[PDB]
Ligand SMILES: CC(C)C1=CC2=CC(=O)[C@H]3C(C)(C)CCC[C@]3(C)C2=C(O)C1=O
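Heads up, the chain below is alone and in the form solved without the named molecule; it's given as C-alpha cells.
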C-alpha cells in the first residue's frame, strides 16, 4: 500500500511545518503568545486523522513527477503542499464541528468544546486557513505553479463553502421538512461540500506540481474524482449512524441536526405513508429516543444492505470511469486512492 509507505515521512514532516510556521515570526516577539496558541491549534486539530487527503498529494506527486525530477527540495514542497490540504481539512472540521454541534473528532473532544476555547475556535479555524498561504509562499513562491496552487486552494475553499451553505440551508434547526431531502439536492450538496476539496484538490495540486496544467487533463481527472468524492460522502453519512465510533473517532449528529444525509434520502424513497410519518415525527430533534426510532426505521428498511449494494455498484462505476478518463495519467494514481476509500 503506497499510502502506508509514504505515511511515516509525511507525518514526520509535521514538526518541520510547525517549526517554520513559528520560526518565520520569531523576528516579532510581540506576537509570541499568539504563535504559541497557533502551535496548540495545529497540534490539536491537524494531527490524529488518517491523512488520506494530504498523502494523496504526496503519492500522486511521486507517480506523476519523473523520478529524476524528485530531488530533496521538490519532495519537501510535495510534503508541504500535502500538509496544506490537511490544514484546509483542519480549518473545515473545526468550524464544521461548531456548526454541527459535534462532540468528538478523531477520538478526542472537539476543539470548541474544550473548556476555555468555545467560540474563540472560529478565529483558530481561520488561522489554520491562513497557514496554507503562508506555507505556499515560504516553499513554493519561486515555482512556476505557485499561482496555480494559490488559485486552486482558494477556488476549492469557495466551492466547499458553497456546499456547506447548501448543507446548512437544507437542514434548518427546529424545522422538519422532508420534502427538501431529494436525491438531486443530495448530490449537489456532496459534490460541493466534499468532493472538490477531498478528491479533486489533492490530485490537481500534484498535477500542477508536475507541470500538468491543461484544462482537458484537469477536466478528465475531475470526472473520476468528483464521483469518488460523492461515494466518500455517502459513506461518511452511513458511518455517522452505523459506524463504530471507536473506529470513526466521532459521534454522529446527522439525525439530530436535521441533515439531508444519504440515509434519510434512501429512507424517503422506500418508506410507506406510515413510515414517512414516523420519520417526520422523530427527525431533527435532540431526544435520544427519537433518534433511536429513526435508526430503527432505517434498519427496518434494510438500509445497511442497500448501502453495501451501493458501495459495490459505486466501486464498479468508479473503476469504469478510471478506464475512460485516467489516460494519460497513470491509472495507479486513481486506483491507490480508490483502494484507500472503498
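Numbering follows the first chain given and starts at 1. Heads up, when I say rigid core I mean the largest set of C-alphas that superpose within 1.5 Å between the two forms.
The form deposited with the named molecule bound is left out here; the points below concern that form.
- Proximity of 7, 50 and 236 to the named molecule in the bound PDB entry is complete: all three residues have a non-hydrogen atom within 4.5 angstroms.
- Contact annotation: the named molecule lies within 4.5 Å of heavy atoms from the stretch 101-109 in the bound PDB entry, the single such stretch among 72-80, 263-271, 101-109, 136-144.
- The closest non-hydrogen atom of residue 131 lies beyond 4.5 Å of the named molecule in the bound PDB entry.
- Among heavy atoms of residue 93, some come within 4.5 Å of the named molecule in the bound PDB entry.
- In the bound PDB entry, residue 232 approaches the named molecule with a heavy atom inside 4.5 Å.
- Annotation for 72-93: interface residues with the named molecule in the bound PDB entry are 86, 89, 93 [heavy atom within 4.5 Å].
- Only one candidate in 96, 236, 213, 161 has its Cα displaced by 2 Å or more between this form and the one not shown after core superposition: 236.
- The Cα shift for residue 47 between this form and the one not shown, taken after rigid core superposition, is smaller than 2 angstroms.
- Relative to the superposed rigid core, residue 247 undergoes a CA displacement of at least 2 Å between this form and the one not shown.
- Taking 2 Å as the criterion, residue 287 counts as shifted between this form and the one not shown: its C-alpha moves by at least this amount when the rigid core is aligned.
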